[PDB]
Amino acid sequence: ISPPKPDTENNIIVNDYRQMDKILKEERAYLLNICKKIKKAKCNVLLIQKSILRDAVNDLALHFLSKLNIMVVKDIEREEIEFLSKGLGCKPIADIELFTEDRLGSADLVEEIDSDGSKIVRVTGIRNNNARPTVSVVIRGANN
Amino acid sequence: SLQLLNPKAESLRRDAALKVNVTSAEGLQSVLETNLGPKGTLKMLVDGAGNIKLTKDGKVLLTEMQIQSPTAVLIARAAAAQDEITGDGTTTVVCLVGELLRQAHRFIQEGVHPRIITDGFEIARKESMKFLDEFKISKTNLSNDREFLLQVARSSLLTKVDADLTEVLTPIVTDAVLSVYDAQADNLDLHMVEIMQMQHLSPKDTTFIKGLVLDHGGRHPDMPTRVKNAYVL
Amino acid sequence: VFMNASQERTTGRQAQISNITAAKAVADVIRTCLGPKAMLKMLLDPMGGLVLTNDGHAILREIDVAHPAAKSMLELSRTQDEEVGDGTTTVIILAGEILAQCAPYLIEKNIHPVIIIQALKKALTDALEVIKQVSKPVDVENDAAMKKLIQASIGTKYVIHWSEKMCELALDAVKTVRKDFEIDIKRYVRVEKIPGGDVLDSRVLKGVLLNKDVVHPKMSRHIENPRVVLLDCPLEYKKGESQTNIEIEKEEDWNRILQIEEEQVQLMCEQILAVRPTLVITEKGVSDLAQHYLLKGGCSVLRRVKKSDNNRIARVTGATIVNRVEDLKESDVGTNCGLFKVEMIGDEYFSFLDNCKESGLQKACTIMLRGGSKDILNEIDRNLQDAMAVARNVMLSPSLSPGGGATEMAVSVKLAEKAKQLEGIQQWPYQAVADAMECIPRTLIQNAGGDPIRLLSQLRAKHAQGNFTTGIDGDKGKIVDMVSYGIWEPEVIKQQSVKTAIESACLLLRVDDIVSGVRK
Amino acid sequence: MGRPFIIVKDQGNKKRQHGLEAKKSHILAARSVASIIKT
Amino acid sequence: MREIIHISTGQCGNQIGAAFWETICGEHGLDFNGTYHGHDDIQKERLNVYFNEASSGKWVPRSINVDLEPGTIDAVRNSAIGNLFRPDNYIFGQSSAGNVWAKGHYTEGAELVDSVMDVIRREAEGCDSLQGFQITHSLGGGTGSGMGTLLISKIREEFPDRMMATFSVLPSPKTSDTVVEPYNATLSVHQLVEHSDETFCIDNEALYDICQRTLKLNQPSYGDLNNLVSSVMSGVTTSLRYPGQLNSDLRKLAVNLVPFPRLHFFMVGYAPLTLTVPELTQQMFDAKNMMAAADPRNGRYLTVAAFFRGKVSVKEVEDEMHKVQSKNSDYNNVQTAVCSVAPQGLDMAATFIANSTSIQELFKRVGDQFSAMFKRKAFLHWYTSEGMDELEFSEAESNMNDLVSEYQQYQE
Amino acid sequence: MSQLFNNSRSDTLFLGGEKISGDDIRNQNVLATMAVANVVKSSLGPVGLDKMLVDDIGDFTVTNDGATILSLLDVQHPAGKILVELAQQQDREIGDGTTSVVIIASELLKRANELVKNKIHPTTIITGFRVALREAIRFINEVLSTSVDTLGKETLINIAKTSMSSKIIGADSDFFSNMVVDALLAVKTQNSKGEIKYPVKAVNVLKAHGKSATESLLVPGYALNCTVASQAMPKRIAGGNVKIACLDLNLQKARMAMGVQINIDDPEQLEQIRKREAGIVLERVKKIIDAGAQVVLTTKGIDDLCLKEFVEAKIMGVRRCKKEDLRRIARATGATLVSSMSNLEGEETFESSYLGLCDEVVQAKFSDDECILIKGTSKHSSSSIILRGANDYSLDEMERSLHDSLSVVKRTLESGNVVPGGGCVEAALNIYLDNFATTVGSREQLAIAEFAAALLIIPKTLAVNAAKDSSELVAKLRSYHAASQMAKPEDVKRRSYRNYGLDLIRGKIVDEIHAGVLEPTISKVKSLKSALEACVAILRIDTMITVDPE
Amino acid sequence: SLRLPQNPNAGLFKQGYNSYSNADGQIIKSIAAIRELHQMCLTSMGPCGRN
Ligand SMILES: Nc1nc2c(ncn2[C@@H]2O[C@H](COP(=O)(O)OP(=O)(O)OP(=O)(O)O)[C@@H](O)[C@H]2O)c(=O)[nH]1
Ligand SMILES: Nc1ncnc2c1ncn2[C@@H]1O[C@H](COP(=O)(O)OP(=O)(O)O)[C@@H](O)[C@H]1O
Ligand SMILES: Nc1ncnc2c1ncn2[C@@H]1O[C@H](COP(=O)(O)OP(=O)(O)O)[C@@H](O)[C@H]1O
Ligand SMILES: [Mg+2]
Ligand SMILES: [Mg+2]
Ligand SMILES: [Mg+2]
């Protein structure tokens, strides 16, 4: 989720002044309407992978996601995407055109719990059509 | 007290600090003792390559020769600061501090305190300020005496240069200063009077120009060299 | 081998012995720098300058000691200077003695370093009580007593001979900065220096003093009623923030691009002339063209003025810090300016701004110093900070404690009398507090050349019977009461001296071992 | 305790051995001497 | 335009300038006496950028070397390269800045700057095409930093448009023993950014690494460092003194390498530090060849510009760029400038100058020293005494918050 | 103790350092433990004294905490790094007993190495400690005491004195114990569905050397260390209901986004673009000025272009600051931290609900420093701590000392159960475990007996730091405790003994309830477990292998 | 203000000679320094003394 900047080089040209004003407005809308469509599917938690060539979630986008009560977590490794989809039963979403309710998972209490300086986001309860469930076990101790 | 604190240091106290300030004062006094007066000796300064610069001014001697002593750098700032605003009295400050320390040091050896000695200099200084009012003489500027300005100009010029340079350079200053006095009576030295370097026939050929001289001219050949009535822009 | 340590671990009793000897060594450097007959100190910094002074704080700034216990003693002068501004040498010389007197016991009678701390807080609690009782109040509006109060600290400096002028100089400056509780601050006190001249003609003048002249020659050098307007912005066309790149297709565009550069500076100058100011002070630089039409209205242009010198101008002239020029009005324009004049001095030009003198914001001022040389200016400037620091305490606290060691000697007598009735294990460190408080008059007698044996014996005999204001005359070296002597100091300096000295001992006494060379 | 720790002179050249591995080198050192004269 | 003046200030400034002229004079050909023994038009037809043809062809460089320590100027002068510079150009006045921005700067700007404005005026009046000024200062010292700041300002006033290029040498944290180095380097940038138009960052600490790693000199001497600085300078100036159109002339350099105004700082990159264009490609962009302490890989390049020399075609370089862009994409940016002449000594080099967010590391560092190691108001009385107040320091730290922010804002 | 270094072996060729085995490793590991245990042994308890460590640049650090003194001691040995990281784990979790857990682990490795020389396996030794510790935690549950019949906040006051001791400010514990307890009750928040967790880093610390530690002023509200933007702004805002606006926005002159390259053919558009740039910034401010924000808070800085309207409208500006302090200001004043101002609709706006509320705000001068003191918050209360001392090194000591004191009272309120202090826990666990395993018999009686003796090192360490007769106190401690454990349930006096023990000031046996010595039960829980795992990690090592660096 | 004048009685007695007079602080230097060896004989005093 970031300002538009596609694969081919994109040189933006501003010819008149109304246009400076507009470019800003249009963006505060390219993030808003995409976040507005997340409310239509009532998806409550988002998990973004490690973003390359640009920031994963823009700071301007966090204001829209934080006011609508959506947890945001970024910088997830790429190989773990197979783990989360297999465990939670949630198919990944690469485009908003394919973003639907049927592809999302479910959970009773997605919670970050903190233990004396260790932040943990543990999901309680999984229910899905999956013949290959997952398991996770943390380790605690004195030193690494 | 300082050696156990600092592993390396130098400390002088209660006899060497007094001898240093007097010995450095007598040493720096002997340098500028011979320059004071009209028949004093000249002094050149050739630093690195051999740049040569000749003058009798104590400020040029102090602000060109690097000095390591802690006493003389205060005499350098004192001799420089007095001359930088007044323009005269450089070596006089060095001779007073050069002489007043040694003249008081004999009584410090006798056992008189430094505090009450300097208390005598301050109350004696106030007597000299009261004496300046009675010692000075009033002079009215409305007379516009050119002979009085000529004699003042020869006081400083005879000290630096000989009589051959003083006689030809004295009226150069008097003609420049004669135009300073006006109805407003506001003095202006830096903007009005200037100095410019020019390698030419000899020092004796210094002449006075009533207008502003410039160090540049016409680049093109066809442009006019001499102009009778030129209205500037 | 093992970790970066264990070179030579100074452990046990010898570690504390070096700290008491190191803490005593700091006070011995400036032992002679106390009292009215105090000697000066010239320290040589490695950069190339020189510091000529007798203040213990300014001496200990330049010194460098490679020992960790002595550095904690070094930082106590910053506690005193950045709290009041007077009595820094008093703080360093008292603590040395407190650590020294407590030492006998630590070394021999084996009292553990915590029992001494408990004894000192009760001594600290009793010290504030007797210092509160010995001090007498004084009227703040009495200018006759205020001049004698300000010159108490000046008497221990070089400018006691000019004390008649310095008290008038400091009193006028403090009342200018004083805001109608009664909070003042020295950041607006301008410390601008002028080498040369006589101290008698040196005087404070209401307003500011710049180091620069006007730009154009036709500017008016003498204005009756200046109207100052502060500007932050460049008055010249500037490149601008985004990637710009104008692409020119027609021949009539480049001359248009250079023509709008002339019209934009006309537009910002013409709106400045809506109020018609006489003096325009810009923070950043100025262009040769905008200045030209600032001239076509009657303004005066100056060079770039740093921010600091504009915040003082804002309080003097009453103007506000203005950057956007389009929002310039008539209300925010400075007014009630006394006089404008430029003097000729060979160092640099100097523009004077005088005030009409006739609640609101606190007014600033600049104090003129006309010394003998550069070091004399820095010497006199620190005297004003030490003299003006005294004027703040009487306004914040109307109490006034006696000077000449009478306050600390009063602490010595009451702690000595009460030590007998304090029977127990705390009696030995509690009685040793009086042994150090009677040293700060002992240092005055040593500098005066008298015998402190019979003087202190005569002092304690007359202190209980005669009065609580008895003290030693530093000049003559005889017992003279402070009431007839007519010299008094604030009580706030006595509090910081007793608090900082005792609190420093509580930190250093807990030191067990010293291990050097661990890591960065 | 200080950084120097000396009991006997020339500790750098003197080096001890102990345990089962120390005895292992002794018998294997005899094999090198025995194997030379074995032929 | 045709000409550019070259001011050199400070002990570091004078040393680097002497090395730079030693390189330049031999490059396009002049014995230290000024006579031209070179072959031929190529080396002579742009000699007017930095030399004044006098009658009799005693070319003399247009340089103003200044210092408050007579000694450095003197040494350079009594040495070789002492006939070229006109005797009147040197402006040198006692005592010593004393390694203090505040003191040295104010006190001698009060005097040396007046004399310098005087020399910068008439000698230059002598040309018909001022283009800008090149200053070599040391960011961390006394005279150089203070005076540089003053002069930059003074000149900019007397020459509005004229571009302004600098080659300040940033301080070395480890090898700069003096403790008050950061506290000066901070006050210098405060004013370098508001005025300058393009500046190049050279760090002595970085110079040591390259001296000991590639050259392998056991102990770097200021001389070695100076020679390397000289080589990059020579490449950037050839970008200028050889007839060419790729970045032809200073102003162009600036336009090409400065995206937005408040970003002047460049990271030089030069190789073949002791050949085929493909071989030099890796050397330019190696993280170890940067003369800046900060790592550029962790950062982000904004506008790259590579200046090759010696025998190289259009396509050798273009193909190389096409190959390189393909692999370091995460780090379309490119700007090539082939030259025809070759390095004195070596056949072909390639200087590298790219704007990079990574400079913000070299400023977060300096700000950390400035603030943290002077929250305790250490060594400040030296500066308050000269006359300048502490509000100015608060303004100085504030403006670095700003610089850092900018680089962070252009999303590193 | 190891001499005559191991010989370089020709039969076993490994790259890097030489291999060494046998009992010399566990001797070297214990010798490495004594190198760090003797450092922290002297600074234990009220009578304990600490040391100084220079940073090789003139700076130094006088440290009482075990985590701080070991953090600066970068231990090159591998076995010492376990205890160094344990103290960094200890102080972050619990914030108490950092010196004791290292001293317990050192005494365990001492006697564990002696037991290995007595020819019992370490696996049996570890099994003896685990069964002993499982009974120890069961015994800790027996000796709990619920706070009851206590007048006011006395239980929170006297328990803070135990943590406040062993510092420079232990003499002033009578003054600091009140404000420390009052500070944590001011930041009470309910989080995570009903969990009242008091927090810290919520209370602040400002280094203002000055008057004294006795006159430390408790400002009932939030404090922030920041300099004023413009000096012409007013330093005191009068009138109640002062609205606070927390932002993260940048008010510096706007620049359009990177991928934008302006290209225009008309020259006259330059006026307008420039204007729009400044204008976006001004609009952004024009809406919040009309909202009546008397004091605006922001993280990114403000340039002089926008400071004019704040000076004209009498609004206080704020420069750069940390990101975390503004979150708690919004929670206390009731504001909401806005990363980027916007609205769900298609137009930008600024609502009044984002503003905070407080009674008074003023910039107080702490003798050289500008600090904005906020007091009288409406939504949630807050607190700040004004530390004062003789010099900056003492203020740094006051920082970590209060951080330990705040942490102890924090965990005290999480669990009402408490346990006495002063070696009574270690003295009772010694005699309790000596009686245990008498029925077991054969092998584990010797391992658990030495384990019981390992806990006695704490009352021995406190005694020698006082420079008094140590065995006279150890004779009173253990004997009294034993006479209590053996006793009939029905014996009031004897049972009481179970409650008291060593005193370090007067040197006699007195009651801890009247003296006020008390600790939390959580401080001992998971402290022996960390020391147990610390002992297991080194005790199981037989041989040491070192690879030289490339 | 870098190098001192080096105490111009240096023409008198050689560098190996060190003077530690009073007023400078000789008594304070001595009575103290000897406290180390005073504790040596103090600890070795009495029937329970340490050899
Ligand atoms: N890169 C580089 N830096 C140098 C060289 N010589 C000196 N420096 C730098 O010069 C700095 C100090 O010198 P300056 O500040 O120029 O000295 P200065 O203030 O001009 O000397 P004074 O005016 O006499 O005080 C140090 O930070 C050095 O890094 C050199 O050859 N190369
Ligand atoms: N004229 C005097 N006679 C005797 N004692 C004085 C006199 N003036 C000052 N003192 C003593 O000297 C101490 C320090 O005063 P002062 O020199 O003003 O401060 P500082 O030590 O900071 O220079 C005071 O405690 C006071 O008792
Ligand atoms: N006033 C006191 N009376 C008796 N024992 C105390 C007192 N203060 C502290 N102690 C004991 O000292 C031990 C260590 O305390 P402290 O140094 O504050 O913790 P840490 O070990 O984390 O540094 C505690 O176990 C406690 O029982
Ligand atoms: Mg004369
Ligand atoms: Mg005083
Ligand atoms: Mg503790």
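About the thresholds
Residues numbered from 1 in each chain as written, not as in the entry; some residues may be left out. Chains lettered and ligands numbered in written order. Part of a larger assembly, values for the part shown. Heavy atoms only, no water. Helix = DSSP H or I, 4+ residues; strand = E, 2+ residues; numbered from the N terminus. Buried < 20%, exposed > 50% of the residue type's maximum accessible area, 1.4 Å probe, protein only. Contact = heavy atoms within 4.5 Å. Areas by Shrake-Rupley, 256 points an atom, 1.4 Å probe, with all protein chains shown as cover. Near = heavy atom within 4 Å. Polar contact = N/O pair within 3.5 Å; in protein donor to acceptor, adjacent residues only side chain to side chain. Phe/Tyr/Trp six-rings, centres within 6.5 Å; stacked < 30°, edge-to-face > 60°. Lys NZ or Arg CZ within 6 Å of the ring centre and 35° of its normal. Disulfide = S-S within 2.5 Å. Salt bridge = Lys/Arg side-chain N within 4 Å of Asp/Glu carboxyl O. Buried area = accessible area lost by both parts, 1.4 Å probe. Domains from an automatic or database assignment. Nonpolar A, V, L, I, M, F, W, Y, C, P; charged D, E, K, R; others polar. Pairing = 2+ DSSP bridges. Patch = residues over 30% accessible without salt bridge, like charges linked within 9 Å, V, L, I, M, F, W, Y side chains within 5 Å. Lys, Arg positive; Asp, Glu negative; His and termini not counted. Axes fitted to C-alpha atoms, helices over the stretch in contact; angles between N-to-C directions. Expected span 1.5 Å × (residues − 1).

### Let's talk about the overall build of chain F
Of the regular secondary structure elements, chain F holds 19 helices and 16 strands. In terms of principal-axis extent, the alpha carbons of chain F reach across some 100 × 70 × 45 Å. Across the 550 residues that make up chain F, the buried fraction comes to 55%. Sequence separation of at least 24 residues holds for 71% of the intrachain contacts in chain F that already meet a minimum separation of 6. Of the accessible surface of chain F, which amounts to about 24000 Å², a share of 52% is contributed by carbon and sulfur atoms.

### Some points on the site of ligand 1
Residue and element names in this part refer to chain E. Residues in close proximity to ligand 1 total 19 residues, the closest being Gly141, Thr143, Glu181, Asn204 and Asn226. Contacts to ligand 1 include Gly142, whose backbone N or O atom sits 3.0 Å from an oxygen atom. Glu181 places a polar side-chain atom, nitrogen or oxygen, 2.8 Å from an oxygen atom of ligand 1. Of all the elements in the fold, those that place two or more residues in the shell around ligand 1 are α1 (10-28), α7 (204-215) and α8 (222-241). If one sorts the elements of the shell around ligand 1 by residue count, α1 sits on top with three residues.

### Here we look at the packing of aromatic side chains
Applying the stated criterion to the full structure yields 31 aromatic pairs over all chains. Taken together, a centroid distance of 5.8 Å and an interplanar angle of 80° make the contact between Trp101(E) and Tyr106(E) edge-to-face. The side chain of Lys139(B) reaches across the aromatic face of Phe148(B), ending 4.3 Å from its centre. In this structure, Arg494(F) is placed above the aromatic ring of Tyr497(F), and the distance from its NZ or CZ to the ring centre is 4.3 Å.

### Overview of the state of the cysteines
With the rule as written, the count across this model stands at zero disulfides over all chains. With no disulfide of its own, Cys201(E) lies closest to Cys12(E) among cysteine sulfurs, the gap being 13 Å. Take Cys246(F): it sits in no disulfide, and the sulfur closest to it among the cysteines is that of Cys321(F), at 9.3 Å. Exposure remark for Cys246(F): the relative accessible area of 2% places this residue in the buried category.

### Quick look at the pattern of salt bridges
The tally for this structure, following the rule as stated, stands at 81 salt bridges over all chains. Here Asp59(F) and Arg376(E) are joined by a salt bridge, their closest N and O atoms 3.5 Å apart. Remark: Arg376(E) occurs in the loop between α12 (359-372) and α13 (381-386) and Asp59(F) occurs in the loop between β1 (50-54) and β2 (60-63); the pair is interchain, linking two chains. Taking relative accessible area as the criterion, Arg376(E) reaches 29% and is therefore assigned partly exposed.

### Remarks on the arrangement of the chains
Of all 11 pairs of chains that touch, the greatest number of contacts is found between chains C and F. Across all C-alpha pairs, the smallest distance from chain B to chain D is 23 Å, and the two are not in contact. Spatially, chain B and chain F are disjoint, and the shortest separation between their C-alpha atoms is 12 Å.

### Details of the interface of chain C and chain F
On the chain F side, the residues contacting the 65 residues of chain C number 69 residues. Counting each side, the surface lost to burial between chain C and chain F is near 6200 Å², with a carbon and sulfur contribution of 55%. For the chain C face of the interface with chain F, the top three residues by lost area are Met3(C), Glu241(C) and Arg510(C), together amounting to 12%. Between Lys308(F) and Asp327(C) there is a salt bridge whose closest N-O contact spans 3.6 Å. At the boundary of chain C and chain F, one finds 15 residue pairs in polar contact. Element by element, the count of residues in the side of chain C that touches chain F is highest for helix α18 (residues 492-508) of chain C, at seven residues.

### Describing the site of ligand 3
Residue and element names in this part refer to chain F. Lining the immediate environment of ligand 3, one finds 14 residues, of which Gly97, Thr99, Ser165, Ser166 and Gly422 sit closest. For ligand 3, an oxygen atom lies 2.9 Å from a polar atom in the backbone of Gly97. Taking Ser165, its side chain carries an N or O atom lying 2.5 Å from a nitrogen atom of ligand 3. Two domains share the shell around ligand 3, each providing at least three of its residues, namely domain 1 (1-147 + 417-550) and domain 2 (148-219 + 381-416).

### Here's the deal with the interface of chain B and chain G
Note: interface size is frequently given as the accessible area lost on complex formation between the parts. Listed as interface residues are 12 residues of chain B and, on the opposing side, 11 residues of chain G. When chain B packs against chain G, the two sides together hide about 930 Å² of surface, and 60% of this comes from carbon and sulfur. At the boundary of chain B and chain G, one finds one salt bridge. Between the two partners, chain B and chain G, sit five residue pairs in polar contact. Ranked by residues supplied to the side of chain B that touches chain G, first place goes to helix α1 (residues 16-33) of chain B with three residues. When grouped by side-chain class, the residues that make up the side of chain B that touches chain G number six nonpolar, three polar and three charged.

### A closer look at the pairing of strand β11 (residues 399-402) of chain C
Residue and element names in this part refer to chain C. Relative to β11, strand β3 (residues 136-137) runs antiparallel, the two sharing two bridges. Paired with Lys136 across the strands is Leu400, a residue of β11. Sheet analysis places β11 next to strand β14 (residues 488-490), joined by three bridges and oriented antiparallel. Looking across to β14, one finds that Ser401 is bridged to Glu489.

### Describing a nonpolar patch on the surface
Taken together, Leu42(B), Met44(B), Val46(B), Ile52(B) and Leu54(B) make up a surface patch of nonpolar side chains, about 550 Å² in accessible area. Looking at the element boundaries, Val46(B) is found in the loop between β1 (44-45) and β2 (53-54).

### As for the sheet that holds strand β8 (residues 223-225) of chain F
All names here are of chain F. Pairing is antiparallel in the open sheet, where four strands are placed in the order β8-β13-β12-β9. Strands with a single pairing partner mark the edges of an open sheet, and in this sheet they are β8 and β9 (236-237). In the sheet, β9 pairs with strand β12 (residues 358-365) via two bridges, with the strands oriented antiparallel. Following the sheet pairing, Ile237 is matched in β12 by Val361.

### Remarks on the side chain of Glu135(F)
Residues and elements named next belong to chain F. Position of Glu135 among the secondary structure elements: in helix α5 (residues 122-142). Buried within the structure, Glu135 lacks any salt-bridge partner; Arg134 is the closest side chain of opposite charge, at an N-O distance of 4.7 Å. Ignoring anything within four residues of it in the chain, the contact list for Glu135 reads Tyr432 and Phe436.

### Quick notes on the sheet that holds strand β6 (residues 205-207) of chain F
All names here are of chain F. Pairing in this open sheet of three strands is mixed, and the strands run β6-β14-β7 from one edge to the other. Every other strand in the sheet has two partners, leaving β6 and β7 (218-219) as the edge strands with one partner each. Both β7 and strand β14 (residues 384-387) contribute to a ladder of two bridges, which runs antiparallel. In the sheet register, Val219 faces β14, and the bridge partner there is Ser384. Docked against the sheet, helix α11 (residues 392-414) engages β6 and β14, running at close to 145° with respect to β14.

### Side note on the domain arrangement of chain F
Residue and element names in this part refer to chain F. In terms of domain boundaries, chain F breaks down into domain 1 (1-147 + 417-550), domain 2 (148-219 + 381-416) and domain 3 (220-380). A separation of 28 Å is found between the C-alpha centroids of domain 1 and domain 2. With 27 residues of domain 1 at the contact, the number on the domain 2 side is 19 residues. Contact between domain 1 and domain 2 buries roughly 2000 Å² in total, counting both sides, with carbon and sulfur atoms accounting for 53%. By the criterion of area lost to domain 2, the three top residues of domain 1 are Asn64, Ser147 and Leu518, representing 26% of everything that side buries. The tally of links between domain 1 and domain 2 comes to seven residue pairs in polar contact. Residue composition of the side of domain 1 that touches domain 2, by class: nine nonpolar, 13 polar and five charged.

### Here's the deal with helix α6 (residues 182-195) of chain E
All names here are of chain E. Compared with the 20 Å implied by 1.5 Å per residue over 14 residues, the 20 Å span of α6 between its first and last C-alpha is a close match. For α6, a buried count of 12 out of 14 residues is recorded, marking the element as mostly surrounded by other parts of the structure. Restricting attention to buried positions, one finds in α6 the residues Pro182, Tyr183, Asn184, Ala185, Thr186, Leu187, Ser188, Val189, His190, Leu192, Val193 and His195.

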